[PDB]
Every structure is written in structure tokens, then in C-alpha cells.
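Architecture and fold: a report
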Amino acid sequence: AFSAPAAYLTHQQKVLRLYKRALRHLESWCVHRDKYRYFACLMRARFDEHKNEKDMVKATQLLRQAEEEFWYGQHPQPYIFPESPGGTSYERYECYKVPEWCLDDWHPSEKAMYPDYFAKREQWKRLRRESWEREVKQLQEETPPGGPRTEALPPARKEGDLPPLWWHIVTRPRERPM
Amino acid sequence: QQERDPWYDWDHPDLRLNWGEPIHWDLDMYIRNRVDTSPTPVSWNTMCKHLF
Amino acid sequence: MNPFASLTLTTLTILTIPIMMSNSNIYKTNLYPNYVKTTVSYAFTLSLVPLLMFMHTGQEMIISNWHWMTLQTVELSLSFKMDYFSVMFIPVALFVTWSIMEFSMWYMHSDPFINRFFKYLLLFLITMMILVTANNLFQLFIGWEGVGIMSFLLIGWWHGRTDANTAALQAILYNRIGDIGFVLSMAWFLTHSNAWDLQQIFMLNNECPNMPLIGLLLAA
Amino acid sequence: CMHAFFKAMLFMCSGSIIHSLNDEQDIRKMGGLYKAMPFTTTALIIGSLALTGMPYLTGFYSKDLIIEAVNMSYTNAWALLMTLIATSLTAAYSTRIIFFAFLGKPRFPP
Amino acid sequence: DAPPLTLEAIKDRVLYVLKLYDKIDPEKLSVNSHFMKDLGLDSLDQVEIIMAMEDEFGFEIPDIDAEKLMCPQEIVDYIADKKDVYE
Amino acid sequence: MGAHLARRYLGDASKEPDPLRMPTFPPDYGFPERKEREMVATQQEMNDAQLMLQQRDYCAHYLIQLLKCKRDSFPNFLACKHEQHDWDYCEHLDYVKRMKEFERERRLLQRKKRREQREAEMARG
Amino acid sequence: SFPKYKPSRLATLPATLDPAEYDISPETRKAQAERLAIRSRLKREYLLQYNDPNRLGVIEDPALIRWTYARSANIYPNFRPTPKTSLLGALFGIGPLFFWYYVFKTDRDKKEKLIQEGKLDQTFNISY
Amino acid sequence: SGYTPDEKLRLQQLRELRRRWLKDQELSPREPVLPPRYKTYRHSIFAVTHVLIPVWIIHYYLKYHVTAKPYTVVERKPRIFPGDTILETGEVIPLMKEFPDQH
Amino acid sequence: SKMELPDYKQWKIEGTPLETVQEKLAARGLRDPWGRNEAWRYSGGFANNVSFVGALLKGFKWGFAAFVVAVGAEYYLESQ
Amino acid sequence: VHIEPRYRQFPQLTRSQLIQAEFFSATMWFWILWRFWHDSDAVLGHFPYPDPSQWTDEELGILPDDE
Ligand SMILES: CCCCCCCC/C=C/CCCCCCCC(=O)OC[C@H](COP(=O)(O)OCCN)OC(=O)CCCCCCC/C=C/CCCCCCCC
Ligand SMILES: *P(=O)(O)OCC(C)(C)[C@H](O)C(=O)NCCC(=O)NCCSC(=O)CCCCCCCCCCCCC
């Protein structure tokens, strides 16, 4: 989520993702911890057996057959963490996330109810306003003429600058806002 | 959009859409609140045969 | 007057009372859940009394307090049927709701809208009581759809959860098929019996037919 | 009436389990709760016994009479057989809940 | 509800898990030790370490982000940033 | 549930009774002098007691007595055991009467089958 | 070996089971790079507008505008009378009308015939 | 494989900014500056209003308004058993006949 | 406040099904390195747990004693 | 009461909850045994089920086949 994706997954990345998914589904099948440890050791033994293979075509064929085996033997109801996309507690607190632009539409009485918070908020707003030109200049200087080849973003190269395109990442709502 | 990747930082996280990318003609029915086409552990024909 | 009717209607009204206080400083404070729970407990005892009245002599009544409208030869009035089913299910439901509300006072402590949660629970309780005590088909349908919409609102409690919204709309869809059956039954009963009340329906339908009974079965 | 009682209590027990384990609703991650949570354990055991028709609990006075009426009437044979199998499966899933939620070793985060 | 996390608590828990890993020597394990450059592990070992951390903290780290956590300090910073821990 | 179902379905339904048509023999067939059943409770008494139409059987007097006992000793809901047992015993006797009727129908049907088989054999011979 | 999984329209084919996922030509990699470049360009434009401090309003989406325009206003100008469109329109627009007309006409004719023959149960039917 | 130097540096800077932002999100000891403007007693006040007033109102409504038109409130007639005394007329409903008692 | 993590050296797979798993894997020629991280679950207050039949009979010992006492009291009262 | 969280250890239990759980389990078992002692006909039945094979043809009104 925090990392910019690449154009494709390498063979190492594919096999590692298959390894993690197979281990998780095996844990779903093997509920108890000792049984899961035993069968996970056997699974890693299989992966180690096929670890050293010079023939990339054969390695890809092994990966494909392993993927078919995983799809046949996957748990119909695999365990999902509550906050994970398939989880039960997924997106439950999205209705509680409110942004700071909505925060600055408050009435003067509401703002007066929090005098110290809004002073620091004004400091943050000044920091945002005093850096946008430097950020856009840095972005347009470092980009290739063809355009952005990837979604990655650069850091601040100067002692007094900020990383470009930082405001919403830094001021995103808390994971438990209310 | 259910088939679309949940771990990607979409511009519209709930709809799983980016700004500027082409919108499917049937987005109104393929939203996560509506018809799903994601793969299932059992084949569709097998499921139909078993249920019937 | 017999205390039976007074106490039953008092239980229903005191159930409805805290909703009127949802526009008040008590609703703005943190004492609202305890207030609603206390009201439900008092209603439970006040409904226990008519249960004792019934279990002694088997007292059953119908109360048509308010007349709504007369469609020529059909009269619709706000009528309640206080029989064995009602006087037995009301105290059980009130006891269960009291326990659930205390469990929710513990369980939903971190919810920013715990007051609204308790208001919705009390509204569901009111609609379910309307459904149970309803004496005619229109009031029964009022309770029917009231509990349906309260279920829809409470399933989708976390509005940012797409799965919650899907579940709420799915419940609405299936209950609307049931309501198709319910409306079929209501239309048949009115057309063939000139009534929507249980007394005249029972009097005139000595051999009830497949169309109304299948409508009722589909709704159920 | 009887089902309202014991099913409401069972749902409350499961909710207490969920809250105590940080919003975890998976019996594959529950475990050890028989001694970890005494009162919810005894309450859920009593509810499951009442649900399955323990000979003198709240579910006995309704389910037992219902089964007797089904067996003794001019009923559909397939309906009667399915009712009996459903009673057996009721016992089965109550055992599943108890076994995977309360017995054994912990499977929740440290 | 639950007590809030702290940077020290996160670091202690991740070092606890790593010291309970058998392939890592507890004596030479520091918070800046690299999993493959100076700890001598490999990709499957790192995947299992990330899975152990997921089990420890009760949340999932996506594969796109988990491949880059090659250091206990990196894992601590990732978890603190995701859980909004600043102290 | 019972062996009668097996006999009728996987066997001779002609010899087994028909529950929806029973009885198919005259009540005096085989009984020289048979006594009509005695009803204790009157129609007006049952109407006043408001017995359910299903409960207005030949055991209605015991049910009326049980209801009167329950109403009078209301707070003590455990004081009607003898009346409850009397009602249950009357219902048990009615049920065994029904069972006797079923068995009589079954053996009358099989006796008729034996008689018709004997007549057919005599006609053939 | 293991039983094969048959994709459907409402149960699609997973990526890990796609045969083309394991036959990657060097041109496939450059196609993926071009797609990533397009996505990165659009993302950069959107993020610049989104993080602009002086922006107050809605970042207009030409993709959304095109979708809403093609769904409503671009349909008739690109519609041609073809045998397929003619038959589908005739069926879906006329057939149901005649079907329901026949159903209701038959039902009402039977009811009126019963009324005239005087063997329809109309007791207590007071409201109409 | 791992972070590039640019990715690591940007993550470090963003994390520092985010931590400072949350620290600013913390409140002050006096921050919620509000504008100027026994247990049994509460139960007693709750009971008189919430229970006593509605029962008064509903009893008044039923006795004098609802039970002023016919058939608005209909009670099922009480069950009359043999060997009883109807109180309306001092009547004695007789007992049932002698049972054919068994055992 | 400020809870302290118990010393990590106390966690051992000995006297635990994890050592049986380790022996099976050693016979296979393999090893599992995450033994202790799961061995926290088999020691301490989680060491012993009841069976399914034992769980159902949680309060039978006191229940039967109270039942016997009540039956004796009822018998004495009926006799007197 | 404040229950301090445990790390990889059994939670801190309370004497009150322990005794309450034990009391209610004992209450359930006492109720079951007490009800079974008094009214066991609710489980084992109250009246015998007659055997129709032992009912005589004379009392069932069945005449001899030859007659
Ligand atoms: C009498 C007329 C009606 C008869 C039935 C007509 C069926 C028409 C179906 C409705 C069309 C749907 C339009 C849009 C509905 C809302 C959008 C939608 O598709 O919601 C999908 C939503 C989400 O799916 P999930 O399982 O929750 O997966 C979520 C994963 N994250 O699922 C639904 O709610 C759709 C359910 C529709 C059921 C359709 C068939 C219903 C069965 C009817 C026949 C059975 C009759 C019963 C006989 C009773 C015997 C007396
Ligand atoms: P680290 O960076 O050292 O990783 C080393 C890797 C693996 C990247 C190697 O350098 C490598 O690329 N080796 C050659 C490619 C290769 O290893 N291919 C084989 C991969 S798949 C394999 O052979 C193992 C699959 C067997 C297990 C399949 C699991 C299916 C069962 C799951 C069922 C679900 C419930 C149990």
C-alpha cells in the first residue's frame, strides 16, 4: 500500500507470494499450532527441494503446476485478519474519517473552543503554503521529458525543503479517528 | 472492482478507481455493492449442478 | 376499568417515551443509554403485571382506541389485540431487550454514536411491539415494515463498510419479496371479506383458500 | 419464547468472546477460553445444553414436545427424517462451537 | 479499549519474536542487523519472519510492502507508521 | 414410524388398514352387543368452559376439572397434579381405544382376505 | 492430475491459473512498462492537482465525463437500424405488452363468463 | 528486494512529519474551552414521571373516552366451569354428573 | 502500567507436542525454527485443559452434593 | 477492578467471577438432577405402550374364519 508497484512481478516475487499464500491456507486447514508447524516445515522442504533450478522454463512450469495445486487445494474459507480486505472489521471506521479541509469550515465559536490546536494548525498551513512552489519545481526538474515512468516520488534534496507531494500523506486521518 | 486489487493506493479507495483511467461501460453494475465476477474455489458449472 | 388495557397501553407508551427525549440535553449527554435501559426494565415489570392477570383467569381483550378512516364500508382503526400471544411475548421481548441493552452499554462503549445506537434499538423494540400487538392487517404491516427498515438501518451501522451496505440491501430485497406476499394476502382479504381485522377475517373465512394462505406463507 | 432466551444469551456470549479477543470472530484463532473466561464459558455451556434440549432446561419444554408431535402425527416422511437429522446437526454444531472456542490451547495473539 | 502501542513496545516485541527465531543468533542480533547481509537468511526466511510479525501484531503486511522490510528497525518503523504510533 | 408402515408399503396394503378410510367394517360386525361411548360433559358445559374444539373429546370433563383447579390455585401452579394425571390417563385410554380399533380393522381385513382366498380355491376346485 | 477449474462470466479465471501469465514475451514486458507509464502520468497529474494548496473545488474527471456522456447522449447518434436491433427492439418492446394483454384478457373473460353463468363466489365482496 | 536510498529517505522524512502531525493532534490541558452558558431519588423521580403520568393519562383516556363508544374495548367472556357461582345474579352453575371413575 | 515482557529464555519446546513435531521432522531430516514462539501457548496457565465431557460436567460435583442434601431434607420433611 | 494485560501468559482471573461461574454451573446441574428425581415421566414416559398382538380376537370382535 505504501510502496509504488512495478510494471511486473519477478519470478522471485511470484514464488514468494505463492509461498506465503500456501502457508496461510495450510494454517487455515491445520488449525492447531503443532500440526501447522509440522506441515509448514514440509512445505518449506518442498520449496527448498525446488530452490536450486538453473532451467528457468522448468522453474516456471513448476510454479504453474504449484499454482494449479494451490487452487485445487485452497481452503474455501481461509482465515482473514479482521482489518484485512476480506476481514470482518474491514472498512468499519471509514465513516469516522473526516478531513482537515472540513475542519476549517467550523464556526468561530467552535474554533474558539480549541485555541491551542488551531494555532498549530495555522503553523502547518503556513508550512504547506511556503513549500508548494519548491515541491513543484523539484518534481518538474527531476522528471524525464517523456514523463513519469513510475509512481515513485523523490525525497527532499535540500536542507530546508520537504518531500514533494506530502500534505495528504502526512495529514491523513488516524486509523481510529473517533 | 472486487476483482481489482485492494492493496493498491487507488484514487477512489471504495470504488477502487484511479483518476483519468477509462471507466468500464458497466461500472454501475460491477461496483462492490453489485454483481461480482471474482473466481470461486469451485467451478461455476459444478456449483450449478450441485445446487440444482 | 380493568387495569389490563391500561397497563398494556402504558407499557407501549413508556416504550415510546424516550424517543421523544431524543431532542434534549440528556440525548446530548452520556446518560442516554442508561436512561433507555432503565425505561425498558420498567416496561418489563409493567408488562409482567398483565401476564399475571392472564395466567390467573385467561383474560384477553382487543382495544380499538382510535378510529383512523372509513373507506365506505371498511373501517380502519388503531386496534391492539391483547391475547395470550401478546401478553406472553411482550415480557419475554422486554427482558431480552433489557439484557441486550446492558450488554451493549458494556460492548459499544467506544462507539461515537452509542446514543443513536440505543435510540435505534428502542425504535426496533417499538416497531416489534406494534407488530405483535397489532389487531388488523394494516397495523401488522406497519410493524412489519418498521422492523424491516430498522433492521436495514442497524445492519448498515458502519456506513463506510461496503459489505455492511450490501447486507442491509440484501435483507431489504428478501423482505420485499415477503412483502409482495403480504400485500397479496391483504388485498385478497379485503376484496373477499370487506375487512382487514382478525375478528371479521376469522368469522367470514370458515374454509380459507390457497391464495390468501400462500400469500401469508410467502410473507412468513 | 425459549429460543429467544437461550439464543440471545448465546449471541451475547459470542460477543463477549469477540470483544475480549480484539474483534476476532474466528474459532480457528480462539482457544483456551474455558479457563481464560470462566463465566462466559459456563453461560455458553448452559445455553448450548438448553439449545440442544437438555432433559429439563428451557429448550426441553418446547423442542422435546415438538419432536414428539412430529413423530406422532400424520406427517411427511421426508419432513420427519429431515427434522431428526437437523436435531442431530444442531448437536453437532453446538459441539463444534464449544470444542473450537473453549477447549485446547490458545491460538490468539500473544 | 486496548492500551496504545509505543515505539519501545513495538521494538521489544519484534526483537522478542526474532530472538525466538532459531536461525537468528540472539547474541549478535541488533535492531540494525540486516536479515540477509549480516544475518545470513534468505527470501523464504524473510517471508516467515514477516508472517511471524503478522501473527504477533494481529495485522497483515501486504507483499508489496513486506519485501522491503529487511531490518528490525524497518519493521518497527513500518508498524508504528501504520498504527499511528509517534512515541 | 413403525412396522405397520413397512408392512403396508413394502408388502400387502390390501391387508393393512387405510388410516384415511378406517373403519371399513360395520361396528357390529363381530360384536354381538356393543355399547355406545359415554359422554360426561354436556355441550353447554363445554361451551361455557370455552374448550378448544380439538379438546372437546370424551375426556373433556377431566380437562374442565383441571382448568377449574388451575384457576382456583393460581399462585401455586404445582397443585393440580392429580387433575393433570386424570386428564392424561383418560387421553391414554382414548388412545388405546384408537389402537384397538386399528388392530381390529387390520385383522378383519386379513380375515376377509383369507375368506376370499378360500372361496376362490373352492371355485377353482 | 487435479481437476481443472472452468472459468465462467460470473466466475472469472484467476491470474495464477492464466496460461498467458507464464508465457511472457519481451514485447509483453514493454507493453506492461507502457501501461505503468500511462498510469504514472495520470497519477502525477491527479496528485499535483490534489495537493495544490490553492485549489478549492472538484478535480474534473474527463474519464467520468466521457462515461456519463457515452452512457446517455452518444447512443442515438451511433444507433443504426439493423436486423439485430430491429428484432431485439420489436421483441423486448412489443412482446411483453401482447403477452400481458392476452393473460389479463383471458382471465377477465373467464371471470365474466362465470359471472354471467352465476357460479362465481361473490358473497361479502362489497368493496371494489 | 528492498528499499532504494531515495525511497528510504522519503519514508524517513514522511514519518518524521507524520509523527510531528500526530503530536500536534494531541490536546492541551485547558483545550476544551467550554462557553459559560442519592441514587434512589433519581429512580423515584424517573418512576413518578415516566410510569405514573402515562398510566394516569391512558387510564383517563380509556375509561372516559375509549370506553364511551360501543365495542371499542371488548373482553373475552370469562370461562364458566361446573360447580361455580355467577356473581352477576348469584347463580349456581351445577356440577358435572358422576364420573365412571377408574382406579 | 508499563508491562514487562517475560524473559525469552524460558520458552522451550520440551514437554510439549512441539517436541514431538520436532522429533518427527528430525526423522524426516528437517527442522522447524519457530518452536518456542509457539511454545508460549503450551506452558503456564494453559498447560492443562479439560475434555469435552469434563467441560459439560463443570458444576456437577457441587450440584450433586446439593441435590443429595435437598433430597435428604425433603425425605425427612415428608417423614415428619 | 483493573486487570493488567499479560504478554504470552494466562490472564489475571478474579475470585468473584470464578465463584459465580461455579455457582451457576452447580445450579444448572442441581436443577437437572432435582427435576429428574421428581418428574422423570417427562423423559421416560408415564404410561405403557400396549402390544396389539396380545389383544384377543374375542375382545376385538373377530369371528372365526369358518364362521
Ligand atoms: C416476485 C418478483 C421477484 C422474484 C425474484 C426476482 C429476482 C430479481 C433479483 C433482483 C435484481 C437485482 C438488482 C440489484 C439488487 C442489488 C444489487 C445486488 O446485486 O446485490 C448483490 C447482493 C450481494 O451479494 P453477497 O452474497 O452479499 O456478496 C457480497 C460479497 N462482498 O446479493 C443480493 O442481495 C442479491 C439477492 C437476489 C436474489 C435473487 C433470487 C431470489 C430468490 C427468489 C426465488 C425464491 C422464492 C422463494 C420461495 C418461497 C416459498 C413460499
Ligand atoms: P530467496 O530469494 O532465496 O528465494 C529463492 C528462490 C525461490 C527465489 C529461487 O532463487 C528460485 O527462483 N528458484 C527457481 C525457481 C523455483 O524455485 N521454482 C519453484 C517454485 S514452486 C515450487 O516448486 C514449490 C511448490 C510446491 C508447493 C506448492 C503448494 C501448493 C499447496 C497449497 C495448498 C493450499 C493449502 C495447503
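Residues numbered from 1 in each chain as written, not as in the entry; some residues may be left out. Chains lettered and ligands numbered in written order. Part of a larger assembly, values for the part shown. Heavy atoms only, no water.

Per the deposition metadata, cryo-EM was the technique used to determine this entry, at a resolution of 2.92 Å.

**Focus on the interface of chain D and chain J**
In plain terms, the rule: Here, residues are in contact when the closest pair of their heavy atoms is within 4.5 Å. Summed over both partners, the accessible area lost on bringing two parts together, with a 1.4 Å probe, is the buried area. What counts as a salt bridge is simple: a side-chain nitrogen of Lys or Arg found within 4 Å of a carboxyl oxygen of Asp or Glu. For the purposes of these results, a polar contact is taken to be a pair of N or O atoms within 3.5 Å, where, inside protein, one atom must be able to donate a hydrogen and its partner to accept one; residues adjacent in sequence count only when each atom of the pair is a side-chain atom. Secondary structure elements are taken from DSSP: a helix is a run of H or I of four residues or more, a strand is a run of E of two residues or more, and numbering for both begins at the N terminus. Polarity classes work like this: nonpolar for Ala, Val, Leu, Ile, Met, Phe, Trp, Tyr, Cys and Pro, charged for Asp, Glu, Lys and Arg, and polar for all others, with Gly in that last group.
The interface of chain D with chain J comprises 15 residues on the first partner and 22 residues on the second. The contact between chain D and chain J buries some 1,500 Å² in all, and 74% of this surface belongs to carbon and sulfur atoms. The interface formed by chain D and chain J holds 0 salt bridges in total. Applying the counting rule to chain D against chain J returns 4 residue pairs in polar contact. Sorting elements by how many residues they give to the side of chain D that touches chain J places helix α3 (residues 38-51) of chain D first, with 5 residues. Taken together, the residues of the side of chain D that touches chain J sort by class into 12 nonpolar, 1 polar and 2 charged.

**A word on the side chain of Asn51 of chain G**
Within the secondary structure, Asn51 of chain G is located in helix α1 (residues 26-51). For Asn51 of chain G, the side chain forms a polar contact with the side chain of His168 of chain A, separated by 3.2 Å. Apart from residues lying up to four places away in sequence, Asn51 of chain G is in contact with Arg128, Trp132, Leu165, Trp166, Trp167 and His168 of chain A.

**A short note on the packing of α3 of chain D against helix α1 (residues 15-38) of chain J**
What counts, and what does not: Where helices are involved, their axes are fitted lines through C-alpha atoms of the stretch in contact, as for all axes, and angles between N-to-C directions lie from 0 to 180°. Roughly parallel refers to an angle under 35 degrees, roughly antiparallel to one over 145, roughly perpendicular to one between 65 and 115, and oblique to any angle outside these ranges. Put simply, a crossing is left-handed when the front helix is turned counterclockwise from the back one by less than a right angle, and right-handed when it is turned clockwise.
Viewed as axis vectors pointing N to C, α3 of chain D and α1 of chain J meet at an angle of 20°, and their least axial separation amounts to 8 Å. In terms of axis orientation, α3 of chain D runs roughly parallel to α1 of chain J. Note that α3 of chain D runs across α1 of chain J; the crossing there is left-handed. Together, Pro38, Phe39, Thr42, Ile46 and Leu49 of chain D of α3 of chain D and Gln17, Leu18, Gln20, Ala21, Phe24, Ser25 and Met28 of chain J of α1 of chain J make up the contact between the two elements. Split by residue class, the contact of α3 of chain D with α1 of chain J holds 8 nonpolar, 4 polar and no charged.

**Things to note about the interface of chain A and chain G**
Between chain A and chain G, the contact holds 30 residues from the first and 25 residues from the second. The contact between chain A and chain G buries some 2,800 Å² in all, and 66% of this surface belongs to carbon and sulfur atoms. Its largest share of buried area at the contact with chain G, chain A owes to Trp71, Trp132 and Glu151 of chain A, together 21% of the area lost on that side. Linking chain A with chain G are 2 salt bridges, by the criterion used here. Linking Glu151 of chain A and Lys43 of chain G is a salt bridge whose minimum nitrogen-to-oxygen distance equals 3.1 Å. Elements represented by at least two residues in the side of chain A that touches chain G include exactly α1 (11-29), α3 (56-73), α7 (132-142) and α8 (167-170) of chain A.

**Section: the packing of α1 of chain A against α3 of chain A**
Residue and element names in this part refer to chain A. Interaxial distance between α1 and α3 falls to 11 Å at its minimum, and their mutual angle equals 25°. In terms of orientation, α1 and α3 fall into the roughly parallel class. Helix-helix and strand crossings are classified by hand; for α1 and α3 the assignment is left-handed. For the pair formed by α1 and α3, the contact residues are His11, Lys14, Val15, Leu18, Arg21, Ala22, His25 and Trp29 on the first element and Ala59, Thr60, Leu63, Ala66, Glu67, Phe70 and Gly73 on the second. Along the lines of polarity and charge, the residues of the contact of α1 with α3 split into 8 nonpolar, 4 polar and 3 charged.

**Brief notes about the packing of aromatic side chains**
Under the convention used in this document: Stacked, edge-to-face and tilted are the three classes for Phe, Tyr and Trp ring pairs, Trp counted by its six-membered ring, which pair at centre distances within 6.5 Å; planes under 30 degrees apart are stacked, over 60 edge-to-face, the rest tilted. Buried means the residue's accessible area, taken with a 1.4 Å probe over protein chains only, is under 20% of the maximum for its type, while exposed means over 50%, and partly exposed covers the values in between.
Inspection of the entire model under this criterion finds 63 aromatic pairs over all chains. The interplanar angle of 70° and the centroid separation of 4.6 Å between the aromatic rings of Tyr19 of chain A and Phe47 of chain A together place this pair among those described as edge-to-face. Of this pair, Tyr19 of chain A sits in helix α1 while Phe47 of chain A sits in helix α2 (residues 33-49), and the two are 28 residues apart along the sequence. Taken individually, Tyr19 of chain A and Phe47 of chain A each receive the classification buried, so the pair is uniform in this respect. Linked through ring pairs, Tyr27, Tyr32, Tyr35 and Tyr42 of chain C together with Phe46 of chain H together constitute an aromatic cluster.

**A word on the site of ligand 2**
Defined as follows: Here a residue counts as near a molecule or strand whenever at least one of its heavy atoms sits within 4 Å of it. A 1.4 Å probe and the Shrake-Rupley method give the accessible areas. Residues count as covered only by the protein chains that appear here.
Residues in contact with ligand 2 amount to 18 residues; listed here are only the nearest, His11, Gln12, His50 and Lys51 of chain A together with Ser43 of chain E. More than one chain reaches ligand 2: its neighbouring residues belong to chains A and E. Note that an oxygen atom of ligand 2 is positioned 2.8 Å from one of the backbone N or O atoms of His50 of chain A. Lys51 of chain A places a main-chain nitrogen or oxygen 2.8 Å from a nitrogen atom of ligand 2. With the chains in place, 87% of the 880 Å² that ligand 2 exposes on its own is no longer accessible.

**Some details on the layout of surface pockets**
Operational definition: Cavities and pockets are found on a 1 Å grid laid over the protein atoms alone: a cavity is a set of points where a 1.4 Å probe fits but cannot escape, a pocket is an open set with protein on both sides within 12 Å along at least five of seven lines, and a lining residue has an atom within 4 Å of such a point. Grid points are joined across faces, edges and corners, and a volume is the space filled by probe spheres set on the points.
Empty space within the second largest pocket amounts to approximately 950 Å³. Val15, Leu18, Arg46, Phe47 and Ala66 of chain A are, among the 29 residues lining the second largest pocket, the residues nearest its centre. For the lining of the second largest pocket, the elements supplying multiple residues, two or more each, are α1, α2 and α3 of chain A together with α2 (43-57) of chain E. Class assignment for the residues of the lining of the second largest pocket results in 16 nonpolar, 7 polar and 6 charged.

**A few points about the nonpolar core**
Threshold: Side-chain atoms within 4.5 Å link the members of a nonpolar core, which is a set of buried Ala, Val, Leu, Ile, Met, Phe, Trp, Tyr and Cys residues.
Of all hydrophobic cores here, the largest spans 51 residues; its most connected members are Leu9, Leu15, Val36, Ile63, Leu122 and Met129 of chain C. With 12 residues, the single largest contributor to this core is helix α5 (residues 114-133) of chain C. In this structure, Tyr34 of chain D, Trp11 of chain I together with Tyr7 and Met28 of chain J belong to the second largest nonpolar core, which totals 37 residues.

**Details of the site of ligand 1**
Around ligand 1 sit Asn33 and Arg34 of chain B together with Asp163, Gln170, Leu173, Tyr174, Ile180 and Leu218 of chain C, and that is every residue in its neighbourhood. At the site occupied by ligand 1, the surrounding residues belong to chains B and C. Computed on the free molecule, ligand 1 has an accessible area of 1,200 Å², of which 39% lies beneath the protein chains in the complex. Among the elements that make up the shell around ligand 1, the one with the highest residue count is helix α7 (residues 162-193) of chain C (5 residues).

**Some thoughts on the pattern of salt bridges**
Counted according to the given criterion, the structure contains 62 salt bridges over all chains. Here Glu67 of chain A makes a salt bridge to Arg21 of chain A, at a shortest N to O gap of 2.7 Å. Residue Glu67 of chain A is found in helix α3, and its partner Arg21 of chain A is found in helix α1; the two are separated by 46 residues along the sequence. Judged by relative accessible area, which is 26%, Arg21 of chain A ranks as partly exposed. One salt bridge connects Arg34 of chain F with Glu101 of chain F, and the closest N-O pair in it is separated by 2.6 Å. In this pair, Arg34 of chain F is assigned in the loop between α1 (3-9) and α2 (43-49) and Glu101 of chain F in helix α4 (residues 81-124), connecting sequence segments 67 residues apart. Here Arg34 of chain F falls in the partly exposed class, since its relative accessible area comes to 33%. By relative accessible area, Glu101 of chain F is classed as partly exposed at 29%. Through salt bridges with shared partners, one network takes in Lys20, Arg24, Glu27 and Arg33 of chain A, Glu54, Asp55 and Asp63 of chain E together with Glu38 and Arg41 of chain I.

**Some remarks on the arrangement of the chains**
Between chain H and chain I there is no contact; the minimum C-alpha to C-alpha separation amounts to 21 Å. At their nearest point, the C-alpha atoms of chain H and chain J are still 14 Å apart, with no contact between the two.

**Let's talk about the state of the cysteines**
Residue and element names in this part refer to chain F. Convention followed: Disulfides are defined in this document as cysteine sulfur pairs within 2.5 Å.
Considering all chains together, one arrives at 0 disulfides over all chains under this definition. Free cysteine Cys80: the closest other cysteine sulfur is in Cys69, separated by 3.5 Å. With no disulfide of its own, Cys90 has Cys59 as its nearest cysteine by sulfur position, at a separation of 3.5 Å. Classification of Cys90 as buried rests on a relative accessible area of 12%.

**Some remarks on unusual backbone geometry**
In this structure, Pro23 of chain F follows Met22 of chain F across a cis peptide bond, with omega equal to -5°. In this model, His103 of chain H sits at a positive phi of 40°, which is unusual for a non-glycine residue. Looking at the element boundaries, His103 of chain H is found in the segment after β3 (91-93). With a phi close to 55°, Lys2 of chain I is a non-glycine residue in the positive phi region. Checked against the element boundaries, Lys2 of chain I lands in the segment before α1 (17-28).

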